[PDB]
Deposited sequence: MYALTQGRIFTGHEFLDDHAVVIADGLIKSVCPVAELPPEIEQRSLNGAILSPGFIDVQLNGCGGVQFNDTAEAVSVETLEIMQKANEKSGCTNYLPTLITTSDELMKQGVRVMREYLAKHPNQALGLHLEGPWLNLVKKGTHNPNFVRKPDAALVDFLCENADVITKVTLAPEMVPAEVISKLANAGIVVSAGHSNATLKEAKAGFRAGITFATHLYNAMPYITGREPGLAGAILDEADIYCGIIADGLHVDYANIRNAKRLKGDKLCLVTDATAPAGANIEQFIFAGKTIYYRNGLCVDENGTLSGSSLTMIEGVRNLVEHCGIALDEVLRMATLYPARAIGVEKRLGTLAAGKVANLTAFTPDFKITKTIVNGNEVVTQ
């Protein structure tokens, strides 16, 4: 066992001066005053850095030059390992690989690869986030509340594999309530996204079991006075968690401020990043389109914003500098809040006895100095 001391410690509930985090057997054993440490335990200095739970990114397509998408070779255990290592360098110790697809064979490959990865790599990539196939794709028969035969067989496959599927994003207006309810009752977080839902359709989705929404404001209707749409609905429904992309490009910061005030402890930082995040990519392929990284910006051939390159630490920095959200609350948006949203808070999201030892430390300038995964230092800077 060892202790981290000599920096500001953020537990998820407060900042601590002159305290220590004891780590043993991959766990946080205690958080205590320095003076309540065991005689001659090894102290490892934080050097005035802020110590945090490791960041948790619940929507991530790609990073470190790779994507968990588009081809059979990319939808691999190696891709997930690469993405984990890149995430660490920006303080992110946990993520949901996000596979956006309508293809049955890729989706089954993604489930198999997630299971193989999980047997070898605990408390890292947590489970799959599937965004597909029930999306209302940029655009806009049934009484959509009737289950079609292919949709029944698909929902059955997803429910049988709930042990490696953390989240399914879907458009509520495109799917029967029974499908949302079956997924939720199997333990899968059902998220509203890529949707043209009215406020009324959104609320029917919530009542059927949706508890999350995927990147608020993006790929959702605009908000009008008479038609609040899915986004207005999220903002008005206090029990719905939601991700937001804090790059300054996808969502104007004033809309992030408004969202934070309305959502309280339900607003989660996400990157929704792609391959260029934490890498040196100039162009790549995503859901069948060429995207250029030129710079700051992921743009298609028409110059349209078409991806994120955000890292979690950059997101934390943007929320504090440009959204007037206090650092403790920002850290919660990157740790505790997403942990609760996906039901992993018994193991992650705070620094407290019994929790997994996944931590990151950073300077007051938002430069990562340490990342710790299962108690092992994996980034020293």
Completion exercise
Numbered from 1 on the deposited sequence, the unmodelled stretches are 141
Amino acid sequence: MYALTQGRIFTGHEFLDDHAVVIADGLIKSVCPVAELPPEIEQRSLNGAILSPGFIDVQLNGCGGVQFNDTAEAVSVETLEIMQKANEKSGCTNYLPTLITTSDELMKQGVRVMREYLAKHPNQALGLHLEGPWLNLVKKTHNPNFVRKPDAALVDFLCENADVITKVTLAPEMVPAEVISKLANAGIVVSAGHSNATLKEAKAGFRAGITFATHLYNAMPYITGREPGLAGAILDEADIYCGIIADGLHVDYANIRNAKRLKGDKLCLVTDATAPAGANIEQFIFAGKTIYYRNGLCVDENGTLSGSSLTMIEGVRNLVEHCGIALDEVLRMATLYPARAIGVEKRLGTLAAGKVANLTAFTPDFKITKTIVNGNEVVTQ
From here on, numbers count along this sequence of modelled residues.
Exercise for the section: Could you check which stretch, 300-308 or 219-227, carries the larger mean CA temperature factor in the entry? Expected result: 300-308
Problem - 27-35 set against 54-62, stretch whose average Cα temperature factor tops the other in the entry - result: 27-35
Fill in the blank from the handout: Among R112, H142, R257, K200, highest Cα B-factor in the entry goes to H142
Problem - Options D328, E42, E321, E314 - largest CA temperature factor per the record - result: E42
Exercise for the section: Consider only the C-alpha atoms of the modelled residues in this chain, order them by B-factor as the entry records it, and name the third containing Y117: lowest, middle or highest. Expected result: middle
Completion exercise
The third of the chain into which the C-alpha temperature factor of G349 falls is the middle
Problem - Record-listed C-alpha B factor of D265: chain third - result: lowest
Handout entry: Chain-relative CA temperature factor third for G288
Key = highest
Exercise for the section: Pull the Cα B-factor of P338 out of the PDB entry and bin it into the chain's lowest, middle or highest third. Expected result: lowest
